[PDB]
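Next up: a single chain in structure tokens, the form solved without this ligand.
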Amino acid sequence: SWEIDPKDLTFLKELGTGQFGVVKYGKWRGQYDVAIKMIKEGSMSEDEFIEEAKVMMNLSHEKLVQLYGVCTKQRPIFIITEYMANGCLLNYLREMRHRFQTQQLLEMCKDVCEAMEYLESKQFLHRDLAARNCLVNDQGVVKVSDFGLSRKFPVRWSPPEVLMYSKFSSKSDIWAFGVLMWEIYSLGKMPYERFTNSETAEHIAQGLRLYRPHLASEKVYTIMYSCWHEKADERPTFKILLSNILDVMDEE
């Protein structure tokens, strides 16, 4: 069901990801590659954890990193997720010592927009969409992770209404997606690299945004820029963005 027997875990490994990162790898039920993550003790009630795990497991999309189950009969609780061989998107973008053509960067954006259009259609809020929270598999497909119970503050990824009023909505995920497009097109730079949090917020308050990365065409920048409207209701939906992204794919 939602509950998993740790005895169904075989080939337990400690694997590197990026230069200093580490992942606990296993195989689940003889054929599923999984990452094993622990849940902070006492931060949640057991019943509260199970319901949230149930919601997350019913979130099925090829571009969302899947949750396969949880172990609760043990201390600490752990979760098993879809293993992603190429690791964090941020590190993967900076590891571009080789590859990225602009078509590949736009495809990354499309992968994420699909996952997010799915989440939006289920009225589920990510709340921390960022390149650090996307994972890349062995085929180079980008999937969104760290939504749900896979959770100082992501100020550089947050719209003004989150910073001031804590008003989370799909439209705040929209803003963060624009920042994520920026991280992709700049190949993994830090948004607003040399800014205090008040400087970033004063910069936004002045109607100023993240510069056009030079790998981004005018069209691509229009799409990411559209995500950062001051008014939440003036920012697009993930369905509209997808259609914009699919339009720009046809035009190249």
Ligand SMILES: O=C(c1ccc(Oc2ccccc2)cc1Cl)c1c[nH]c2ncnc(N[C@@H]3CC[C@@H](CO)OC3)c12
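Here the rigid core means the biggest group of C-alpha atoms that line up within 1.5 Å when the two forms are laid on top of each other. Residue numbers here begin at 1 and follow the sequence given.
What comes next is about the form solved in complex with this ligand, which is not displayed.
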Quick check on this chain: with this ligand placed from its pose in the deposited complex by superposing the site C-alphas, is the site open or blocked (blocked meaning at least 3 ligand atoms within 2.4 Å of backbone or C-beta)?
blocked
Find the only residue in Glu107, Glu82, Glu117, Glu161 having a heavy atom within 4.5 Å of this ligand in the deposited complex.
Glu82
Answer key, this ligand contact in the deposited complex at 4.5 Å (heavy atoms) among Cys71, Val142, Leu149, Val179: the residue is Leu149
Among 203 to 211, 30 to 38, 190 to 198, 219 to 227, the stretch whose residues bring a heavy atom within 4.5 Å of this ligand in the deposited complex is 30 to 38
State yes or no: in the deposited complex, is some non-hydrogen atom of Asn91 no more than 4.5 angstroms from a non-hydrogen atom of this ligand?
yes
Would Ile240 count as touching this ligand in the deposited complex under a 4.5 Å heavy atom rule?
no
Counting only non-hydrogen atoms and a 4.5 angstroms cut-off, does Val23 reach this ligand in the deposited complex?
yes
Verify the contact flag for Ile174: yes if a non-hydrogen atom of it lies within 4.5 Å of a non-hydrogen atom of this ligand in the deposited complex, no if not.
no
Which residues, if any, of 3 to 23 lie within 4.5 Å of this ligand in the deposited complex when only heavy atoms count?
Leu15, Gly16, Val23
If you fit the rigid core between this form and the one not shown, which of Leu215, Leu187, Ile36, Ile39 ends up with a C-alpha shift of 2 Å or more?
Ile39
Aligning on the core only, does the CA of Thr17 end up 2 angstroms or more away between this form and the one not shown?
yes
Rigid core superposed: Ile50 CA moves 2 Å or more between this form and the one not shown
yes
Closer or farther: how do the CA atoms of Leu59 and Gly21 lie in the deposited complex, compared with the form shown, if the change is at least 3 Å?
closer
Versus the form shown, are the CA atoms of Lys37 and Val22 closer or farther apart in the deposited complex, given a shift of 3 angstroms or more?
closer
